[PDB]
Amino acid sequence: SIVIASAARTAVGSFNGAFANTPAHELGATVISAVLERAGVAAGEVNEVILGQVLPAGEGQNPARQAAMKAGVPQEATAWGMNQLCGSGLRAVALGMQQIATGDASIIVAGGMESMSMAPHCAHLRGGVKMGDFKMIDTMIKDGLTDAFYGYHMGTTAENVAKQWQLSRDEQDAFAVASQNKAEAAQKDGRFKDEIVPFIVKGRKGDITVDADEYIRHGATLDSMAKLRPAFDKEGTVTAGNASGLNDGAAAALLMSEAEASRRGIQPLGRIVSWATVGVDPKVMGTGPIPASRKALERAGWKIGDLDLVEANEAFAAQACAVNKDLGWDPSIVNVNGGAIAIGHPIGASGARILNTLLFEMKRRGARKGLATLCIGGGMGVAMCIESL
């Protein structure tokens, strides 16, 4: 029924680092044309582009449409952006899967992009401020990392899960280190090369080709991890080291019917066998993946034990351990090449980033069933089940 013919992602950049002044639709563009090249499909055959992106303030009208056009997709196809926070990138793949399934389209490019670096500061000033000081709001924090019901940062929701699941600092720190060592190990062996599509940072006094995840840290020590101070709760347990970071990146999938891919001689990275999205208490949003995953599994007709590979977004060490602890899947098959803590977390692009990794790892190790899942701010989870062919 609906398969992913090809996929591609840029390397994930560090906050104000390599993509510092690069607008998300520029990276978007690169990824959309990679997926077409990669499958052998022409720009002109795309019906629509669906990109999740949570922080587009100042980027101009519909940046999804700017990405498509810049990548060569003609003015005839359509494009749209969408937000389900951290779930946006994965969610977008299921929404183009739906576009094909209802017969509204034949070929979609779907995924997500995000420039946390380029997120602006803002103020509402139409009414004027007659007397007194006013705040200039960091939009990446307000619109992307602050709970809207309790007023605190995602990090505190992580702390709520820590306390609730009784996850000690040492246990989260342990998890962190592992994801770094695993991310580092996979980068060193070229495991991220199929998925990555080098992005050219158009310079003035030099153009730079970025093709490596710059946020992974080499030789991460437990000692360094245990000396960091808690970032959200002054006497807390979550720190910079065991939480994901602020990052830039884009990632996408090229979707079509199974039969179309076959008419084209394409060898798909997998078949979308199910997806699901479920809400949870916004206070412990990190638990998102538990209910979404299981639903996903139930709609596919699979048992947790059937899964050969799993990508469960590393928002915070606290929430990842809780996810794994509750679902019980075998830890060795989850985030095999590392996670967000090491790799980075470009909010709107993250769900399609983890899809890429899942998809290129399933191919390279011959796994047949996989699942990607993320926790979403505001209390939500998104999960998708993929089967190789």
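Just so we're on the same page, rigid core means the largest C-alpha set that superposes within 1.5 Å between forms. Numbering starts at 1 and follows the sequence shown.
Relative to the shown model and aligned on the rigid core, the C-alphas in 5 other deposited structures of this protein deviate most, among 126-134 and 289-297, for 126-134. For the pair 291-299 and 125-133, the mean Cα B-factor is higher in 291-299. As recorded in the PDB entry, 229-237 is the stretch of 175-183 and 229-237 with the greater mean C-alpha temperature factor. Highest CA B-factor among 147, 248, 138, 170, as stated in the entry: 170.
Note on the listed residues 48, 59, 26, 330: the highest Cα temperature factor in the record is that of 330. In the PDB entry, residue 305 places in the highest third of its chain by CA B-factor.
Compared with the other modelled residues of the chain, the Cα B-factor recorded for residue 389 ranks in the highest third. Among all modelled residues in this chain, the alpha-carbon of residue 96 has a temperature factor (C-alpha) in the lowest third. Sorting the modelled residues of the chain by their CA temperature factor places residue 11 in the lowest third.
Remark: residue 109 belongs to the lowest third of its chain, ranked by C-alpha B-factor as recorded.
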